[PDB]
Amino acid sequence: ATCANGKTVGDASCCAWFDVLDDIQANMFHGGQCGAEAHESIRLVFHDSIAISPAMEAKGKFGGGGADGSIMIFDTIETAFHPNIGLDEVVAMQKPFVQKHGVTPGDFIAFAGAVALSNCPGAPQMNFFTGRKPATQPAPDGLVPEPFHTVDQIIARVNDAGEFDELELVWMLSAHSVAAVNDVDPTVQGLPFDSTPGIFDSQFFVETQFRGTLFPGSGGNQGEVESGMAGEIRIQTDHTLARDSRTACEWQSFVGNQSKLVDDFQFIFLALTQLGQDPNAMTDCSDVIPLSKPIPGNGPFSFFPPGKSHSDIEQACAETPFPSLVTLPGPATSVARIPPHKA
């Protein structure tokens, strides 16, 4: 199908998403940047999608419908759930685009998380399928993990939601590579999970492995533990998945291994996007998503930030020694904050 703009797609229904694409690249991602709104849109996919529970269906029935746009349709209800803190603003921003283009909330959330990732260097080539009907009921609370849940709790939650195993839990957490936290530390917003929040790379996995030495802002916040780097926040679930015997070697496997990071996250992100859906009833519009850019310099893919070395690593994978990475030159730095979006 040749769209009105001359670009070819498989299904002509996909042609409409080019207009959506142009509208959000300009009016929501500020010219296709991998910054706050891109990060917020990647996060939204997870909070929409994971709220599904076959377990619950079998007992206290409606476990939620997954990737159905419910968090936007019933936003007053769902974004008030404490694990969904801060998403009322993200939904408020996305909602006008859904309303004017007449696309379903589910497909837009899926579209905007794929586009947001195509804006981050190093991102996999992202997929996009359309076909999610609007939710008719809000997800129950209790389905989105908290940063203070136990490793056993998260493994069980993810397993229930879509039969993901604990290796796949580590893969989807790759998204904290292009991410900041606005709401855990009440004194500062935009503290990144890693030193490169606009780059999809394995620095999240290198840096959560350092011994925790400092709080970036205040201490005593529920769900936060020390990081080993100034300006960087570390949440407790990420801290302990890095060290736990079930996930420690998978955590570490990403260090210095870009192709594994990318191929695993391409896969797992599409799977989140299809929770509660039948893939065989969806239309592939991956042709609309723009090509992801390479990570631009000529550096090592993974490294130790200035002032860190192998001595700072808390070796948790017993089978494989932590790789020998270069330490970048210079004294220790402070990772800069990404201010959250206006409104």
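Don't overthink the numbering: it's just position in the shown sequence, from 1.
- Higher mean CA B-factor, judged across 175-183 and 79-87 from the recorded values: 79-87.
- Look at the mean CA B-factor for 14-22 and for 321-329 in the entry; the higher one is 321-329.
- As recorded in the PDB entry, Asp160 shows the highest C-alpha B-factor of the residues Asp201, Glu207, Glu250, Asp160.
- Of the candidates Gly65, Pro296, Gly69, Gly35, the one whose C-alpha carries the top B factor in the deposited record is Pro296.
- Per the deposited record, the Cα B-factor of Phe215 falls in the middle third when ranked against the other modelled residues of its chain.
- Split the chain's modelled residues into thirds by C-alpha temperature factor. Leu191 is in the middle one.
- When the CA B factors of the chain's modelled residues are split into thirds, the value for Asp141 lands in the middle one.
- In this PDB entry, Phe46 carries a Cα temperature factor that places it within the lowest third of its chain's modelled residues.
- Ranked within its chain, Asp278 lands in the highest third, by CA B factor from the PDB record.
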